[PDB]
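Asker: 3D, please:
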Amino acid sequence: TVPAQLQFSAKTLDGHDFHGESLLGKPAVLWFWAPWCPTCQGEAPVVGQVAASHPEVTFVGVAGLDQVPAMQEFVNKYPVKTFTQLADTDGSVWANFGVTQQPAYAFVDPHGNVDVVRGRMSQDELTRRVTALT
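Answerer: Numbering: from 1, shown residues only. Below is the structure in question.
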């Protein structure tokens, strides 16, 4: 059965429906960010680089604590348009992972195991954690 952590739905920044269950059976990384967060602005290029280097992993940005326009500005300014971005304006996705503050990362292995890391992450650590999922 699906892990309760993946039982959520959301809307992508570009108007598509997203189902957390679509991540079951594959490695995935959810990156929780806020447009106004300087730390997220700094980590954006890093997450984008790791996402590009690991096409086997489904990266999902989860934007919160602001409205769509601010989220679009962030995605336009930093290189993270290559992977799915969720507009979590109602904060339900963050709540589902127990995330109250950004930045944060949720690592999902193919078995559905979920590990949440709160705080910043270097390119090396993200790379190593992503590799561990496979």
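Asker: Every contact and neighbour count from this point should use C-alpha atoms.
Answerer: OK.
Asker: So which bits of the lengthiest helix in the chain are buried?
Answerer: Counting by DSSP state H, the longest helix found in the chain is helix 38-53. Of the residues in helix 38-53, those with enough neighbours to count as buried (16 or more other CA atoms under 10 Å) are 39, 40, 41, 43, 44, 45, 46, 47, 48, 49, 50, 51.
Asker: Could you list every helix and strand that it packs against?
Answerer: helix 123-133 (3 or more CA pairs under 8 Å, 6 or more residues apart in numbering; DSSP states H and E).
Asker: Kindly format the C-alpha coordinates of the helix it packs on as CSV.
Answerer: Extracted in CSV, the C-alpha atoms of helix 123-133 (Å, rounded to 0.1, in the frame of the first residue of the first chain):
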residue,chain,number,x,y,z
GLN,A,123,25.6,20.1,-3.5
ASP,A,124,27.7,17.2,-2.2
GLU,A,125,25.3,16.2,0.4
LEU,A,126,22.3,16.4,-1.9
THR,A,127,24.2,14.4,-4.5
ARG,A,128,25.1,11.7,-1.9
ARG,A,129,21.6,11.5,-0.6
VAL,A,130,20.1,11.3,-4.0
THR,A,131,22.6,8.5,-4.9
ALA,A,132,21.6,6.6,-1.8
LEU,A,133,18.0,6.5,-2.9
